[PDB]
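Visitor: Structure incoming, see below.
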Amino acid sequence: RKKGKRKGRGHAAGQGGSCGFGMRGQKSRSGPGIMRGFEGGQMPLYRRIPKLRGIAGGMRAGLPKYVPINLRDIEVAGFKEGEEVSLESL
Amino acid sequence: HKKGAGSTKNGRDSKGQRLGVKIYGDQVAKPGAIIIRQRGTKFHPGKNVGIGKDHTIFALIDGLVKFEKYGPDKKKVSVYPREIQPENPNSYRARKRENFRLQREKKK
Amino acid sequence: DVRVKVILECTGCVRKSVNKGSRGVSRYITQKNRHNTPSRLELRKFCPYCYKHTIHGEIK
Amino acid sequence: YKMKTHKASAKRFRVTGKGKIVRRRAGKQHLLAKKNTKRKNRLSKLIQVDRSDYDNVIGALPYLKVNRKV
RNA sequence: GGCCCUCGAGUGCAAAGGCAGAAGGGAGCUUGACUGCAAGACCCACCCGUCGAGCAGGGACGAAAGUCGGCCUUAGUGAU
RNA sequence: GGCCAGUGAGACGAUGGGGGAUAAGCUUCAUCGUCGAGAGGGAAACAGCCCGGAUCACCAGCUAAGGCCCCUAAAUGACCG
RNA sequence: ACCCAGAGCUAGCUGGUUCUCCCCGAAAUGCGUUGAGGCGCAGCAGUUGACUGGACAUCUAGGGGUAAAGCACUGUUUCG
RNA sequence: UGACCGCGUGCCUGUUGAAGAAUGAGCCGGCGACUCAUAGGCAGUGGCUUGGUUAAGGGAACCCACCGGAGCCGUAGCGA
RNA sequence: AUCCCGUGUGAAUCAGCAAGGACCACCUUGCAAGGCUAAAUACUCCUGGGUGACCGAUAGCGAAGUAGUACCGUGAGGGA
RNA sequence: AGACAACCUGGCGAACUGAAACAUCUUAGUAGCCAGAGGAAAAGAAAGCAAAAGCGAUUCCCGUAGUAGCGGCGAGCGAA
């Protein structure tokens, strides 16, 4: 149990009177910050790069079928006449 | 008293393109390392050394770079591998890296 | 409309389709002056579907 | 309430098996005739997002399974 | 037509750096202004840009060795 | 490389220059000092010059920069101009 | 117009933000921006892991075209 | 208590720089500001590691023994 | 696509009609253009019973005193 | 017939705000007004789901899932 930062209660406790936000400006003010990923009016990365071939209008991503096991992974779970190694036993 | 200021017709440039000698004389190189970005052939291509579309001079082999004298007032660049490169544990660098390593090992 | 990029298809691999290894016309887009060389270009070039080095006929 | 994913960005950043963020390169949609054969091959392929911009990308979509190498 | 300095010429287009039997001027034959790539470097906040030995195929030109994936180089351009 | 900040008005001085009128406590770059965020001593007072980097106590001592007629610590010291 | 409600509207703007000791300790720059007193990334703090050897000092090797100097080139210039 | 001596440019905000003749407070006492809910990342700590964990829902109510394995996370990538 | 609507058109009747994310074919599912219907669910001017790491007269309802009073406003309304 | 705290059904229906501006979009079918009725109201007994395996009217919680999607493919919105 750490005991957190009740913030702005004397300059000895440290993070006091402005509370570790420096000096005015957008990040100082109360309320929401900005958009997250916002590059300041410069074109954001997330909107100046093309979008990943298949995911650009249709084409559902290759969601996996088959529930792959391996022969390496079976050997650890041992049974002599391994009676139907299937969806049931595993 | 408050007269008008005449505009200029200047104030254009291009930010320095960063040409010149990337790998200096008597220095390590690689197969493919760019030695010189020169705008024309200030330096000329020597042995062991490619010369590109932009008169870019790059090394083909390992070895140290050499700026030879061409004949009538020009410069060449060739590359030469080096035979044997000896290291002695006698020296100060060798002493100190082993001392450091031993301290590291001693602490942990 | 003075110097223009233009559509060099192939005369080798004219448009066919069926049998998995599908033919699929090769193509090269590149520039000529319209005023200088008024008759259409007819360069020879490589076509990776022919596997040869065919004549690349001009069109539009 | 439970974080919405930034599905504008998500569609440009995939994550690979080992856990690195990957993007496609910019440039090669049109005005292709004037570029070389050479540079279109470098613009075809995927690479990592630069270590600088990881912060914004991870911050945007928080259900990635992305390993900054630790 | 001869003589004499010899590169002060030219190099499509501004400048700088270059270029001698040449990168300048002429002729023959052609289309490498080509597909598949690429060890490796330069340049950088990111986005972008740049040089590339070599291999694979299928050609060009030459007797051959070899040289050719546009231009003597740096401008001729825009992401999503 | 992980987690998580502030900053993004700078100022003067030395030099190398540009702009200006080789005017400005002017302005703009490049290299370094100090302030900024640095008390103390020298500069009468005096951010930015000189000396020096304050953990704390002593009614001890040696010195830096700078000084030794009195205000006000130390030579109304010396020898030659 | 007023009154009540949406409504604690929003305010990259100003003011204000409360107990103690110890350790470290910046920046006022570059880049982009309907941006310039805002924001992003880099640069420079703290903190915590990993990789190694440097730091300060002296001595060699490299390519530079600046101070200087010069008039063979490019301009400019006075006298014979 | 304080003869008389030496030193000593109110505090805050906020600045390149404030004793400032920049801003704020007549004084005294109270009230008066980084919180909570839910999610995501990271660190510290603990439990399990026959992998881990249950949600709603049920409980002589609420906590709570004890059930509930539905789901979730980890166990395979590559490619549109 | 499915569901509902103004304007104009305008079917069929289980050898039928509609749906199965345009659309056609084949399968499967259902029966539109008449109605009704308890529960689990939402809330507190309010009544009874219980509880509080809730308040204690600048707090707690605005209101611990005959408070929406005194007072202000033409009035809605504000309000100790 | 009128009255009635909230909850609820139906009618009309904002803007500030967010998008760092703004008109698509968002705020939202929210606030407000209007009408109506109950202890709840509305829904509701398949012209329904789903996939060749099956389910059987509604309504509410956990979940699937911040997934499939939609979106000046921007801000955001977001199922079964």
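Letters A, B, ... mark the chains of the structure tokens in the order given; residue numbers begin at 1 per chain; ligand numbers begin at 1, in order shown.
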Just want the 10 Å neighbourhood of segment 33-49 of chain F, counted on only C-alpha atoms (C1' of nucleotides), with same-chain residues fewer than 6 positions away dropped. Output as a PDB file with N, CA and C atoms (P, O5', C5', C4', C3', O3' and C1' of nucleotides), in the first residue's frame.
Guide:
```
ATOM      1  P     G F  10      12.388  34.143 -27.223  1.00  0.00           P
ATOM      2  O5'   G F  10      13.568  33.340 -26.510  1.00  0.00           O
ATOM      3  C5'   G F  10      14.805  33.979 -26.129  1.00  0.00           C
ATOM      4  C4'   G F  10      14.636  34.688 -24.812  1.00  0.00           C
ATOM      5  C3'   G F  10      15.775  35.609 -24.416  1.00  0.00           C
ATOM      6  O3'   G F  10      15.600  36.894 -24.989  1.00  0.00           O
ATOM      7  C1'   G F  10      15.280  34.192 -22.609  1.00  0.00           C
ATOM      8  P     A F  11      16.831  37.654 -25.659  1.00  0.00           P
ATOM      9  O5'   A F  11      17.615  38.247 -24.410  1.00  0.00           O
ATOM     10  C5'   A F  11      17.068  39.365 -23.703  1.00  0.00           C
ATOM     11  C4'   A F  11      17.754  39.510 -22.375  1.00  0.00           C
ATOM     12  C3'   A F  11      19.213  39.928 -22.436  1.00  0.00           C
ATOM     13  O3'   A F  11      19.337  41.317 -22.740  1.00  0.00           O
ATOM     14  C1'   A F  11      18.964  38.163 -20.886  1.00  0.00           C
ATOM     15  P     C F  12      20.083  41.806 -24.094  1.00  0.00           P
ATOM     16  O5'   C F  12      21.610  41.910 -23.637  1.00  0.00           O
ATOM     17  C5'   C F  12      22.067  42.976 -22.777  1.00  0.00           C
ATOM     18  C4'   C F  12      22.927  42.463 -21.640  1.00  0.00           C
ATOM     19  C3'   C F  12      24.392  42.232 -21.946  1.00  0.00           C
ATOM     20  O3'   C F  12      25.091  43.471 -21.982  1.00  0.00           O
ATOM     21  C1'   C F  12      23.577  40.404 -20.701  1.00  0.00           C
ATOM     22  P     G F  13      26.018  43.841 -23.237  1.00  0.00           P
ATOM     23  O5'   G F  13      27.335  42.987 -22.966  1.00  0.00           O
ATOM     24  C5'   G F  13      28.294  43.441 -21.995  1.00  0.00           C
ATOM     25  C4'   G F  13      29.257  42.342 -21.627  1.00  0.00           C
ATOM     26  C3'   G F  13      30.198  41.883 -22.727  1.00  0.00           C
ATOM     27  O3'   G F  13      31.279  42.799 -22.884  1.00  0.00           O
ATOM     28  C1'   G F  13      29.320  40.007 -21.596  1.00  0.00           C
ATOM     29  P     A F  14      31.844  43.146 -24.346  1.00  0.00           P
ATOM     30  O5'   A F  14      32.712  41.859 -24.706  1.00  0.00           O
ATOM     31  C5'   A F  14      33.870  41.516 -23.921  1.00  0.00           C
ATOM     32  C4'   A F  14      34.513  40.246 -24.425  1.00  0.00           C
ATOM     33  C3'   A F  14      34.654  40.095 -25.937  1.00  0.00           C
ATOM     34  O3'   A F  14      35.743  40.840 -26.474  1.00  0.00           O
ATOM     35  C1'   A F  14      33.829  38.081 -25.024  1.00  0.00           C
ATOM     36  P     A F  64      46.317  35.707  -1.488  1.00  0.00           P
ATOM     37  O5'   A F  64      44.991  35.181  -2.207  1.00  0.00           O
ATOM     38  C5'   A F  64      45.032  34.206  -3.277  1.00  0.00           C
ATOM     39  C4'   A F  64      43.778  34.267  -4.127  1.00  0.00           C
ATOM     40  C3'   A F  64      43.410  35.629  -4.710  1.00  0.00           C
ATOM     41  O3'   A F  64      44.188  35.861  -5.890  1.00  0.00           O
ATOM     42  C1'   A F  64      41.478  34.599  -3.779  1.00  0.00           C
ATOM     43  P     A F  65      44.838  37.312  -6.200  1.00  0.00           P
ATOM     44  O5'   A F  65      43.579  38.171  -6.664  1.00  0.00           O
ATOM     45  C5'   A F  65      42.818  37.808  -7.833  1.00  0.00           C
ATOM     46  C4'   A F  65      41.424  38.383  -7.756  1.00  0.00           C
ATOM     47  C3'   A F  65      41.313  39.878  -7.472  1.00  0.00           C
ATOM     48  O3'   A F  65      41.551  40.696  -8.616  1.00  0.00           O
ATOM     49  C1'   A F  65      39.795  38.708  -6.103  1.00  0.00           C
ATOM     50  P     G F  66      42.752  41.762  -8.608  1.00  0.00           P
ATOM     51  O5'   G F  66      42.310  42.793  -7.476  1.00  0.00           O
ATOM     52  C5'   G F  66      41.384  43.857  -7.752  1.00  0.00           C
ATOM     53  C4'   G F  66      40.717  44.334  -6.485  1.00  0.00           C
ATOM     54  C3'   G F  66      41.532  45.293  -5.630  1.00  0.00           C
ATOM     55  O3'   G F  66      41.435  46.648  -6.077  1.00  0.00           O
ATOM     56  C1'   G F  66      40.650  43.588  -4.266  1.00  0.00           C
ATOM     57  P     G F  67      42.603  47.725  -5.752  1.00  0.00           P
ATOM     58  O5'   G F  67      42.011  48.547  -4.520  1.00  0.00           O
ATOM     59  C5'   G F  67      42.865  49.212  -3.562  1.00  0.00           C
ATOM     60  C4'   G F  67      42.548  48.717  -2.172  1.00  0.00           C
ATOM     61  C3'   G F  67      43.478  49.198  -1.073  1.00  0.00           C
ATOM     62  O3'   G F  67      42.938  50.403  -0.546  1.00  0.00           O
ATOM     63  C1'   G F  67      43.083  46.848  -0.867  1.00  0.00           C
TER      64        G F  67
ATOM     65  P     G G  25      22.359  16.878  -9.935  1.00  0.00           P
ATOM     66  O5'   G G  25      21.226  17.678 -10.715  1.00  0.00           O
ATOM     67  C5'   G G  25      20.877  17.367 -12.071  1.00  0.00           C
ATOM     68  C4'   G G  25      19.503  17.911 -12.389  1.00  0.00           C
ATOM     69  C3'   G G  25      19.391  19.420 -12.504  1.00  0.00           C
ATOM     70  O3'   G G  25      19.774  19.896 -13.787  1.00  0.00           O
ATOM     71  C1'   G G  25      17.661  18.639 -11.116  1.00  0.00           C
ATOM     72  P     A G  26      21.043  20.852 -13.937  1.00  0.00           P
ATOM     73  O5'   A G  26      20.708  21.694 -15.247  1.00  0.00           O
ATOM     74  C5'   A G  26      19.431  22.341 -15.396  1.00  0.00           C
ATOM     75  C4'   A G  26      18.551  21.539 -16.325  1.00  0.00           C
ATOM     76  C3'   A G  26      18.123  22.262 -17.597  1.00  0.00           C
ATOM     77  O3'   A G  26      19.093  22.075 -18.624  1.00  0.00           O
ATOM     78  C1'   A G  26      16.212  21.442 -16.499  1.00  0.00           C
ATOM     79  P     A G  28      17.775  25.884 -24.109  1.00  0.00           P
ATOM     80  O5'   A G  28      16.806  27.144 -24.209  1.00  0.00           O
ATOM     81  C5'   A G  28      15.782  27.158 -25.210  1.00  0.00           C
ATOM     82  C4'   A G  28      14.662  28.100 -24.850  1.00  0.00           C
ATOM     83  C3'   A G  28      14.982  29.583 -24.946  1.00  0.00           C
ATOM     84  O3'   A G  28      14.863  30.036 -26.293  1.00  0.00           O
ATOM     85  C1'   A G  28      13.830  29.142 -22.924  1.00  0.00           C
TER      86        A G  28
ATOM     87  P     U H  16      10.622  35.766 -19.323  1.00  0.00           P
ATOM     88  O5'   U H  16      12.048  36.281 -18.846  1.00  0.00           O
ATOM     89  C5'   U H  16      13.193  35.438 -18.979  1.00  0.00           C
ATOM     90  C4'   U H  16      14.458  36.204 -18.700  1.00  0.00           C
ATOM     91  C3'   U H  16      14.422  37.116 -17.488  1.00  0.00           C
ATOM     92  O3'   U H  16      14.833  36.326 -16.376  1.00  0.00           O
ATOM     93  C1'   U H  16      15.213  38.318 -19.381  1.00  0.00           C
ATOM     94  P     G H  17      13.887  36.178 -15.089  1.00  0.00           P
ATOM     95  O5'   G H  17      14.108  37.570 -14.344  1.00  0.00           O
ATOM     96  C5'   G H  17      15.428  37.950 -13.893  1.00  0.00           C
ATOM     97  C4'   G H  17      15.589  39.453 -13.862  1.00  0.00           C
ATOM     98  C3'   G H  17      14.582  40.198 -13.008  1.00  0.00           C
ATOM     99  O3'   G H  17      14.992  40.143 -11.642  1.00  0.00           O
ATOM    100  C1'   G H  17      14.864  41.314 -15.093  1.00  0.00           C
TER     101        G H  17
END
```
Visitor: If you run DSSP on this backbone, which residues of chain D come out as strand (DSSP E or B), and could you give them as a ChimeraX atom specification?
Guide: /D:14-15,21-23,47-48
Visitor: For a test of reading the model, state the distance in Å between atom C1' of residue 31 of chain F and atom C1' of residue 15 of chain F, rounded to one decimal.
Guide: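 Distance reported for this atom pair: 8.2 Å.
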Visitor: Would you write out, as CSV, a table of all residues in segment 37-69 of chain G that have an atom no more than 10 Å from an atom of segment 44-67 of chain E, listing for each the closest atom pair and the distance in Å to one decimal, considering only C-alpha atoms (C1' of nucleotides) and ordering rows by chain and rising residue number?
Guide:
```
residue,atom,partner,partner_atom,distance
G:40,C1',E:45,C1',9.8
G:41,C1',E:45,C1',4.6
G:42,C1',E:45,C1',4.0
G:43,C1',E:45,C1',9.3
```
Visitor: Determine which residues of segment 5-68 of chain D DSSP labels as helix (DSSP H, G or I) from the backbone of this structure, then write them out as a compact mmCIF listing (two decimals) with N, CA, C and O atoms, in the first residue's frame.
Guide:
```txt
# COMPACT_ATOMS: atom_id res chain seq x y z
N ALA D 10 -6.53 2.47 -35.74
CA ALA D 10 -6.45 1.01 -35.74
C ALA D 10 -6.25 0.42 -37.13
O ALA D 10 -5.46 -0.52 -37.30
N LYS D 11 -6.95 0.97 -38.12
CA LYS D 11 -6.89 0.49 -39.50
C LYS D 11 -5.59 0.79 -40.25
O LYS D 11 -5.44 0.35 -41.39
N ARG D 12 -4.67 1.53 -39.64
CA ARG D 12 -3.35 1.76 -40.20
C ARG D 12 -2.22 1.10 -39.43
O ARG D 12 -1.10 1.06 -39.93
N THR D 37 11.37 2.19 -60.77
CA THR D 37 11.14 0.80 -60.37
C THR D 37 11.69 0.54 -58.98
O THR D 37 11.10 -0.21 -58.23
N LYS D 38 12.84 1.12 -58.68
CA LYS D 38 13.54 0.97 -57.42
C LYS D 38 12.71 1.36 -56.19
O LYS D 38 12.52 0.57 -55.26
N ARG D 39 12.26 2.61 -56.19
CA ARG D 39 11.63 3.20 -55.01
C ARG D 39 10.21 2.68 -54.78
O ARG D 39 9.72 2.72 -53.65
N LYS D 40 9.55 2.17 -55.81
CA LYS D 40 8.26 1.54 -55.62
C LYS D 40 8.38 0.23 -54.87
O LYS D 40 7.44 -0.17 -54.25
N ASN D 41 9.53 -0.43 -54.94
CA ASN D 41 9.77 -1.66 -54.19
C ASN D 41 9.98 -1.38 -52.73
O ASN D 41 9.54 -2.18 -51.91
N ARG D 42 10.65 -0.28 -52.38
CA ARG D 42 10.77 0.11 -50.98
C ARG D 42 9.45 0.65 -50.45
O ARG D 42 9.16 0.45 -49.29
N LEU D 43 8.65 1.29 -51.30
CA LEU D 43 7.33 1.73 -50.86
C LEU D 43 6.23 0.64 -50.83
O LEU D 43 5.14 0.90 -50.34
N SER D 44 6.49 -0.54 -51.38
CA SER D 44 5.54 -1.65 -51.29
C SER D 44 5.41 -2.23 -49.87
O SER D 44 4.33 -2.69 -49.49
N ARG D 51 10.16 4.56 -32.94
CA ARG D 51 10.04 4.51 -31.48
C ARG D 51 9.43 5.79 -30.89
O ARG D 51 8.78 5.73 -29.85
N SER D 52 9.66 6.93 -31.56
CA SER D 52 9.06 8.22 -31.20
C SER D 52 7.54 8.19 -31.14
O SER D 52 6.94 8.66 -30.17
N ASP D 53 6.91 7.61 -32.16
CA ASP D 53 5.47 7.72 -32.32
C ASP D 53 4.66 6.55 -31.73
O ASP D 53 3.44 6.55 -31.83
N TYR D 54 5.33 5.58 -31.12
CA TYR D 54 4.65 4.50 -30.39
C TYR D 54 3.64 5.04 -29.39
O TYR D 54 2.54 4.51 -29.27
N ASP D 55 4.03 6.09 -28.67
CA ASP D 55 3.21 6.69 -27.61
C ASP D 55 1.80 7.06 -28.06
O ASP D 55 0.82 6.77 -27.37
N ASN D 56 1.72 7.68 -29.23
CA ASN D 56 0.47 8.16 -29.78
C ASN D 56 -0.36 6.99 -30.30
O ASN D 56 -1.58 7.02 -30.20
N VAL D 57 0.31 5.99 -30.85
CA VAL D 57 -0.38 4.87 -31.49
C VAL D 57 -0.97 3.95 -30.43
O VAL D 57 -2.15 3.62 -30.49
N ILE D 58 -0.15 3.58 -29.45
CA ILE D 58 -0.63 2.77 -28.33
C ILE D 58 -1.71 3.50 -27.55
O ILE D 58 -2.69 2.89 -27.16
N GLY D 59 -1.50 4.80 -27.35
CA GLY D 59 -2.42 5.66 -26.64
C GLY D 59 -3.75 5.73 -27.35
O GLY D 59 -4.79 5.74 -26.68
N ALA D 60 -3.73 5.74 -28.68
CA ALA D 60 -4.99 5.82 -29.44
C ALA D 60 -5.86 4.55 -29.30
O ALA D 60 -7.04 4.65 -28.96
```
Visitor: May I ask for the distance between atom CA of residue 63 of chain D and atom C1' of residue 47 of chain H, given in Å to one decimal place?
Guide: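 Going from atom CA of residue 63 of chain D over to atom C1' of residue 47 of chain H covers 26.3 Å.
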Visitor: Go ahead and compute the interatomic distance for atom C1' of residue 17 of chain J and atom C1' of residue 80 of chain E, in Å to one decimal.
Guide: 28.3 Å
Visitor: If we count only C-alpha atoms (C1' of nucleotides) and set the cut-off at 12 Å, which residues sit around residue 32 of chain I, ignoring sequence neighbours fewer than 4 positions away in its own chain? Please answer as number ranges by chain.
Guide: I: 17-19; J: 46-47
Visitor: Could you save the residues just selected, with N, CA, C and O atoms (P, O5', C5', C4', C3', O3' and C1' of nucleotides), as a PDB file, in the first residue's frame?
Guide:
```pdb
ATOM      1  P     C I  17     -47.305 -16.264 -55.211  1.00  0.00           P
ATOM      2  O5'   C I  17     -47.224 -15.444 -53.852  1.00  0.00           O
ATOM      3  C5'   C I  17     -48.171 -14.400 -53.577  1.00  0.00           C
ATOM      4  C4'   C I  17     -48.132 -14.032 -52.116  1.00  0.00           C
ATOM      5  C3'   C I  17     -46.776 -13.639 -51.554  1.00  0.00           C
ATOM      6  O3'   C I  17     -46.391 -12.316 -51.916  1.00  0.00           O
ATOM      7  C1'   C I  17     -47.834 -15.108 -50.053  1.00  0.00           C
ATOM      8  P     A I  18     -44.849 -11.969 -52.209  1.00  0.00           P
ATOM      9  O5'   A I  18     -44.204 -11.950 -50.753  1.00  0.00           O
ATOM     10  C5'   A I  18     -44.400 -10.824 -49.878  1.00  0.00           C
ATOM     11  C4'   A I  18     -43.826 -11.105 -48.509  1.00  0.00           C
ATOM     12  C3'   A I  18     -42.315 -11.312 -48.433  1.00  0.00           C
ATOM     13  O3'   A I  18     -41.602 -10.075 -48.409  1.00  0.00           O
ATOM     14  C1'   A I  18     -43.409 -13.001 -47.196  1.00  0.00           C
ATOM     15  P     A I  19     -40.050 -10.018 -48.826  1.00  0.00           P
ATOM     16  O5'   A I  19     -39.335 -10.844 -47.663  1.00  0.00           O
ATOM     17  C5'   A I  19     -39.133 -10.260 -46.364  1.00  0.00           C
ATOM     18  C4'   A I  19     -38.496 -11.243 -45.408  1.00  0.00           C
ATOM     19  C3'   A I  19     -37.106 -11.745 -45.774  1.00  0.00           C
ATOM     20  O3'   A I  19     -36.088 -10.781 -45.539  1.00  0.00           O
ATOM     21  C1'   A I  19     -38.401 -13.562 -45.040  1.00  0.00           C
TER      22        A I  19
ATOM     23  P     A J  46     -48.508 -16.635 -32.750  1.00  0.00           P
ATOM     24  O5'   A J  46     -47.774 -15.453 -33.526  1.00  0.00           O
ATOM     25  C5'   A J  46     -47.029 -15.705 -34.725  1.00  0.00           C
ATOM     26  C4'   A J  46     -45.869 -14.752 -34.839  1.00  0.00           C
ATOM     27  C3'   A J  46     -45.340 -14.559 -36.261  1.00  0.00           C
ATOM     28  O3'   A J  46     -44.878 -13.227 -36.469  1.00  0.00           O
ATOM     29  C1'   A J  46     -43.623 -15.420 -34.913  1.00  0.00           C
ATOM     30  P     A J  47     -45.917 -12.038 -36.761  1.00  0.00           P
ATOM     31  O5'   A J  47     -46.012 -12.022 -38.351  1.00  0.00           O
ATOM     32  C5'   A J  47     -44.834 -11.910 -39.167  1.00  0.00           C
ATOM     33  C4'   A J  47     -44.775 -13.062 -40.136  1.00  0.00           C
ATOM     34  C3'   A J  47     -43.546 -13.090 -41.036  1.00  0.00           C
ATOM     35  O3'   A J  47     -42.504 -13.831 -40.420  1.00  0.00           O
ATOM     36  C1'   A J  47     -45.512 -13.370 -42.342  1.00  0.00           C
TER      37        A J  47
END
```
Visitor: Excluding residue 16 of chain J and any residue of its chain fewer than 2 positions from it, enumerate the residues within 10 Å of it, using only C-alpha atoms (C1' of nucleotides), and give them as an NGL selection string.
Guide: (:G and (6-7 or 9-10)) or (:J and (27))
Visitor: With distances taken over only C-alpha atoms, which of D:30, D:45, D:65, D:24 is nearest to chain A?
Guide: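 For chain A, the nearest of the given residues is D:24.
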Visitor: Given only C-alpha atoms (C1' of nucleotides), how would the per-residue table for chain A near chain F read, listing every residue at most 12 Å away with its closest atom pair and distance in Å to one decimal, sorted by chain and number, as CSV?
Guide:
```
residue,atom,partner,partner_atom,distance
A:15,CA,F:5,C1',11.5
A:19,CA,F:6,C1',11.8
A:20,CA,F:5,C1',8.1
A:21,CA,F:6,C1',7.5
A:22,CA,F:6,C1',6.3
A:23,CA,F:6,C1',9.1
A:24,CA,F:6,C1',11.8
A:25,CA,F:8,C1',11.8
A:27,CA,F:6,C1',11.5
A:28,CA,F:6,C1',11.5
```
Visitor: Given the selection you just returned, output its residues as a file containing C-alpha atoms, formatted as a CSV table (one decimal), in the first residue's frame.
Guide:
```csv
chain,number,residue,atom,x,y,z
A,15,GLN,CA,3.9,18.8,-6.0
A,19,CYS,CA,0.8,20.9,-8.6
A,20,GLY,CA,3.5,19.8,-11.1
A,21,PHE,CA,2.0,21.4,-14.2
A,22,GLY,CA,4.4,24.2,-14.6
A,23,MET,CA,3.0,27.4,-15.9
A,24,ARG,CA,-0.2,28.1,-17.8
A,25,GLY,CA,-1.1,26.8,-21.3
A,27,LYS,CA,-2.2,21.2,-20.5
A,28,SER,CA,-2.4,23.3,-17.2
```
Visitor: Given a cut-off of 10 Å, which residues of chain E touch chain C, counting only C-alpha atoms (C1' of nucleotides), written out as a PyMOL selection string?
Guide: chain E and resi 30-36+57-59
Visitor: Given a cut-off of 6 Å, which residues of chain E touch chain B, counting only C-alpha atoms (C1' of nucleotides), written out as a list in words?
Guide: residues 17, 18, 40, 41, 53 and 73 of chain E
Visitor: May I have the residues within 10 Å of segment 50-60 of chain A as a ChimeraX atom specification, using only C-alpha atoms (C1' of nucleotides) and disregarding those fewer than 6 positions away in the same chain?
Guide: /D:8-14,22-29,46 /E:79-80 /H:80 /J:68-69,73
Visitor: Need the shell around residue 51 of chain H: protein/DNA/RNA residues with any atom at most 12 Å away, counting only C-alpha atoms (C1' of nucleotides). Skip same-chain ones fewer than 6 positions apart. Format as a PDB file with N, CA, C and O atoms (P, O5', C5', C4', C3', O3' and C1' of nucleotides), in the first residue's frame?
Guide:
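And here's out-v8.pdb as it stands now:
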```
ATOM      1  P     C H  73      -9.850 -12.597 -24.596  1.00  0.00           P
ATOM      2  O5'   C H  73      -8.511 -12.792 -23.758  1.00  0.00           O
ATOM      3  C5'   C H  73      -7.922 -11.672 -23.080  1.00  0.00           C
ATOM      4  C4'   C H  73      -6.996 -12.133 -21.985  1.00  0.00           C
ATOM      5  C3'   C H  73      -5.872 -13.060 -22.398  1.00  0.00           C
ATOM      6  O3'   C H  73      -4.838 -12.386 -23.113  1.00  0.00           O
ATOM      7  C1'   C H  73      -6.812 -13.838 -20.389  1.00  0.00           C
ATOM      8  P     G H  74      -4.179 -13.060 -24.419  1.00  0.00           P
ATOM      9  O5'   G H  74      -3.376 -14.303 -23.822  1.00  0.00           O
ATOM     10  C5'   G H  74      -1.988 -14.171 -23.467  1.00  0.00           C
ATOM     11  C4'   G H  74      -1.465 -15.415 -22.784  1.00  0.00           C
ATOM     12  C3'   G H  74      -1.219 -16.608 -23.685  1.00  0.00           C
ATOM     13  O3'   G H  74      -0.080 -16.412 -24.516  1.00  0.00           O
ATOM     14  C1'   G H  74      -2.282 -17.351 -21.729  1.00  0.00           C
ATOM     15  P     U H  75      -0.159 -16.780 -26.072  1.00  0.00           P
ATOM     16  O5'   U H  75      -0.233 -18.372 -26.049  1.00  0.00           O
ATOM     17  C5'   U H  75       0.809 -19.128 -25.402  1.00  0.00           C
ATOM     18  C4'   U H  75       0.551 -20.618 -25.469  1.00  0.00           C
ATOM     19  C3'   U H  75       0.070 -21.203 -26.788  1.00  0.00           C
ATOM     20  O3'   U H  75       1.062 -21.285 -27.806  1.00  0.00           O
ATOM     21  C1'   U H  75      -1.085 -22.224 -25.006  1.00  0.00           C
TER      22        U H  75
END
```
Visitor: Considering only C-alpha atoms (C1' of nucleotides), give me a table of residues in chain H that are at most 8 Å from chain A, with the closest atom pair and distance in Å for each, as JSON lines.
Guide:
```
{"residue": "H:34", "atom": "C1'", "partner": "A:7", "partner_atom": "CA", "distance": 6.7}
{"residue": "H:44", "atom": "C1'", "partner": "A:2", "partner_atom": "CA", "distance": 7.7}
{"residue": "H:45", "atom": "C1'", "partner": "A:1", "partner_atom": "CA", "distance": 7.5}
{"residue": "H:76", "atom": "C1'", "partner": "A:68", "partner_atom": "CA", "distance": 7.4}
{"residue": "H:80", "atom": "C1'", "partner": "A:54", "partner_atom": "CA", "distance": 3.7}
```
Visitor: Restrict the distance test to only C-alpha atoms (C1' of nucleotides), flag each residue of chain B within 7 Å of chain G, and return the flagged residues as an mmCIF file with N, CA, C and O atoms, in the first residue's frame.
Guide:
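Result file is result.cif:
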```
data_model
loop_
_atom_site.group_PDB
_atom_site.id
_atom_site.type_symbol
_atom_site.label_atom_id
_atom_site.label_comp_id
_atom_site.auth_asym_id
_atom_site.auth_seq_id
_atom_site.Cartn_x
_atom_site.Cartn_y
_atom_site.Cartn_z
ATOM 1 N N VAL B 21 32.772 14.403 -47.339
ATOM 2 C CA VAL B 21 33.486 13.165 -47.051
ATOM 3 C C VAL B 21 32.910 12.465 -45.832
ATOM 4 O O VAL B 21 33.122 12.901 -44.700
ATOM 5 N N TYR B 24 36.520 9.045 -43.833
ATOM 6 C CA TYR B 24 37.770 9.803 -44.030
ATOM 7 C C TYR B 24 38.955 8.931 -44.467
ATOM 8 O O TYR B 24 38.809 7.720 -44.621
ATOM 9 N N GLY B 25 40.109 9.557 -44.703
ATOM 10 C CA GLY B 25 41.317 8.848 -45.136
ATOM 11 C C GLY B 25 41.978 8.093 -44.000
ATOM 12 O O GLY B 25 42.135 8.642 -42.907
ATOM 13 N N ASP B 26 42.361 6.840 -44.268
ATOM 14 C CA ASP B 26 42.942 5.926 -43.273
ATOM 15 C C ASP B 26 41.903 5.528 -42.206
ATOM 16 O O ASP B 26 42.168 5.578 -41.002
ATOM 17 N N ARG B 97 39.429 -2.310 -19.497
ATOM 18 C CA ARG B 97 38.204 -3.027 -19.785
ATOM 19 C C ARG B 97 38.104 -4.343 -19.020
ATOM 20 O O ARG B 97 37.005 -4.748 -18.633
#
```
